[PDB]
Amino acid sequence: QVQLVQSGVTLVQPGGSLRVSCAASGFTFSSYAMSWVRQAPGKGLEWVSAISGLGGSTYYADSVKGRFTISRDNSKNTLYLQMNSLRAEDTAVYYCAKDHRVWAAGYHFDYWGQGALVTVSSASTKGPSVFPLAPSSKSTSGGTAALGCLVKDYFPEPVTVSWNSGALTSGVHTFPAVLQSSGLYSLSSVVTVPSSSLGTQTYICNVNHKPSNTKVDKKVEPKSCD
Amino acid sequence: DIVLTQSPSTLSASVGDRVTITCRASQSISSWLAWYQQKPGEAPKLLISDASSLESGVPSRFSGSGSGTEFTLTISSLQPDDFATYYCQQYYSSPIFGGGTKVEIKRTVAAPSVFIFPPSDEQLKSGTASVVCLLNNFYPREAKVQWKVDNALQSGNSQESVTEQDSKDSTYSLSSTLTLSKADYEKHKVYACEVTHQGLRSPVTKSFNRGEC
Ligand SMILES: [Cl-]
Ligand SMILES: [Cl-]
Ligand SMILES: [Cl-]
Ligand SMILES: [Cl-]
Ligand SMILES: [Cl-]
Ligand SMILES: [Cl-]
C-alpha cells in the first residue's frame with residue numbers, strides 16, 4: 001500500500017537544470033521527512049538531501065549544497081529535487097526515500113522509490129561502430145577459440161548484442177559498457193566456439209542501438225595472424 | 001562528515017556459511033545505525049534499524065549488534081537469496097552511508113583462458129587502433145592485466161570491464177582494451193597482454209606482431 005512512484009530516464013547538458021519528482025501514497029506524507037539518495041554507475045549509495053515533514057528544514061550534502069533544492073507539496077504528496085548547475089559527476093540513479101519513523105531526527109529509510117536515471121553529458125545521440133574481434137592462433141587455446149565484436153563510440157546506452165540472430169548463446173559474454181574520455185560508450189561482446197570448425201561455421205554479431213535506429217549485422221571471419 | 005568504513009569490501013561466501021560484516025564509524029554514533037541490502041537493478045531494502053532492531057518481514061537469519069564506533073551485521077547461515085551488496089548507514093548527524101560490502105559466491109579457483117585480438121583493418125581505416133585482451137571464465141575476480149608494447153609497460157591508455165558472476169559456473173570474465181591512434185599503432189611491432197592470476201602456475205603472455213597480424 002505504501003508506494004513511492006518515480007520518474008524515468010532523463011538526459012541533461014552540463015550547466016543545465018532538471019527537476020526530478022516522487023509521488024507518495026499509502027501513508028501520512030506530512031508526518032515523514034524524505035530524502036534523495038543517489039548512486040553513480042558502479043558506485044555506492046550517497047545521501048543527497050533531506051527535507052522535514054512540513055518543509056521548514058532542508059539538509060544537503062556538501063557536494064550539492066548551493067546547486068540542488070529539495071521541496072515538497074504536502075497537498076498532492078509529492079517530493080521534488082531541483083538540480084541546477086549540473087555536472088557530469090551528478091550522473092546517477094536518484095531514489096526518493098521515506099523516513100522509517102515520524103521522529104524529528106534520525107533519517108534512515110524503510111521504503112524506497114524505484115529510482116530515476118539522470119545522465120549529465122554534452123554528447124549527442126550516436127550509433128555504434130561494430131568492428132570484428134577475429135579468431136586466430138592468438139585467440140585459440142587448444143580445441144576452443146574466442147571471437148567477438150567491438151561495439152564502440154555510441155551514445156546513450158543501451159546497445160544489445162545477439163549472435164547468429166539468437167541461435168548462438170552458450171559461451172557468450174557481452175561486457176558492461178565503459179564511458180570513454182570522449183563521452184561515448186564502448187563495449188565488446190565475445191563468444192567461445194570450437195576452433196576445429198572455424199573454417200565451416202559462420203559467426204555474425206547482431207548489434208542494435210534503439211536511440212539512433214541502428215541495427216548492424218557484422219560477419220566475424222578468421223585471420224591468419226601468427 | 002561522519003565517515004563509515006566497511007570491512008571486508010568483498011566477502012566470498014558459500015551457502016551455509018556464517019557471514020559477518022563490520023561497520024566502523026569515525027566518531028561515536030551511539031546506536032543510530034541502519035543496514036540495507038541491495039541487488040543489481042534494484043533499490044535498497046532496510047534490514048536493521050537502531051543497530052540491532054530487525055525490520056518486519058526480514059528473516060531471523062540476519063542480526064545486528066554494536067554501538068559507538070563498531071557495528072556488525074551477521075547472517076547465521078548464508079542462503080542463495082543473500083548474495084548481494086550490504087550497506088551500513090549512520091543517522092546520529094546528517095546521514096552518511098558506508099562504502100558497501102559485496103557478498104559474492106565462493107567457488108573453486110579457475111585459471112583464466114587468455115585470448116588477444118589485434119585491431120581490424122576497418123577500424124585502422126577510421127584512424128583508431130583498439131587491441132582487446134580477453135580473460136575468460138576465471139575465479140577469483142582478482143587479476144592483473146599489463147599491456148606491453150615493444151616490451152614497454154603501458155599505463156593509462158587501457159580500460160577494463162568485468163562481467164557479473166556467471167549464473168551457471170560463478171566465474172568472471174574480463175576485457176582489457178588498449179586504444180591508440182592508427183598513426184601511433186603503426187610505430188610499434190610487438191603487442192603483448194600479460195596476465196597474472198592465482199589460478200595460473202606462472203604469468204601467461206598473449207602477444208602478436210603488427211605486420212603478421
Ligand atoms: Cl516537521
Ligand atoms: Cl516547520
Ligand atoms: Cl577487502
Ligand atoms: Cl546496484
Ligand atoms: Cl531464516
Ligand atoms: Cl553519503
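Values below: every heavy atom of this structure, side chains too, minus hydrogens, waters and symmetry copies. Each chain gets a letter, A, B and so on, in the order its sequence line appears, and its residues count up from 1.
Proximity to chain B involves both the backbone and the side chain of A/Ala146, based on heavy atoms less than 4.5 angstrom apart. When heavy atoms are compared at a cutoff of 4.5 Å, A/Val130 approaches chain B solely by way of its backbone atoms N, CA, C and O. Using a 4.5 Å cut-off between heavy atoms, A/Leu4 does not touch chain B at all. Contact annotation for A/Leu45: both backbone and side-chain heavy atoms come within less than 4.5 Å of a heavy atom of chain B. With a threshold of 4.5 angstrom between heavy atoms, B/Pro40 does not approach chain A through any atom at all.
Considering only heavy-atom pairs separated by less than 4.5 Å from chain A, the leading option among B/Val114, B/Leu33, B/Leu174 is B/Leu174. Most heavy-atom pairs under 4.5 Å with chain A, from the set B/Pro95, B/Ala34, B/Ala43: that is B/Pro95. Contact tally against chain A (heavy-atom pairs below 4.5 Å) for B/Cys213, B/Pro44, B/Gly100: the top residue is B/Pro44.
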Taking atom types as modelled, which donor-acceptor pairs link chain B and chain A at under 3.5 angstrom?
{"unit_1": "B/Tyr36", "atom_1": "OH", "unit_2": "A/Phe109", "atom_2": "N", "d": "2.9"}
{"unit_1": "B/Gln38", "atom_1": "OE1", "unit_2": "A/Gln39", "atom_2": "NE2", "d": "3.0"}
{"unit_1": "B/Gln38", "atom_1": "NE2", "unit_2": "A/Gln39", "atom_2": "OE1", "d": "3.1"}
{"unit_1": "B/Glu55", "atom_1": "OE1", "unit_2": "A/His100", "atom_2": "NE2", "d": "3.4"}
{"unit_1": "B/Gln89", "atom_1": "NE2", "unit_2": "A/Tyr107", "atom_2": "O", "d": "3.0"}
{"unit_1": "B/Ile116", "atom_1": "N", "unit_2": "A/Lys138", "atom_2": "O", "d": "3.3"}
{"unit_1": "B/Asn136", "atom_1": "OD1", "unit_2": "A/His173", "atom_2": "NE2", "d": "3.3"}
{"unit_1": "B/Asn137", "atom_1": "OD1", "unit_2": "A/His173", "atom_2": "NE2", "d": "3.2"}
{"unit_1": "B/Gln159", "atom_1": "NE2", "unit_2": "A/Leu179", "atom_2": "O", "d": "3.4"}
{"unit_1": "B/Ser161", "atom_1": "OG", "unit_2": "A/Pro176", "atom_2": "O", "d": "2.7"}
{"unit_1": "B/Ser173", "atom_1": "OG", "unit_2": "A/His173", "atom_2": "NE2", "d": "3.4"}
{"unit_1": "B/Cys213", "atom_1": "O", "unit_2": "A/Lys223", "atom_2": "NZ", "d": "3.4"}

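For the side chain to side chain contact (heavy atoms under 4.5 Å, CB included) test with A/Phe175, the passing option among B/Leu134, B/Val132, B/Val162 is B/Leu134; the others fail.
The structure places CG of A/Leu133 at 12.5 Å from CZ of B/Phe115, a figure rounded to the nearest 0.5 Å.
Residues A/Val37 and B/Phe97 meet the side-chain proximity criterion, which asks for heavy atoms closer than 4.5 Å.
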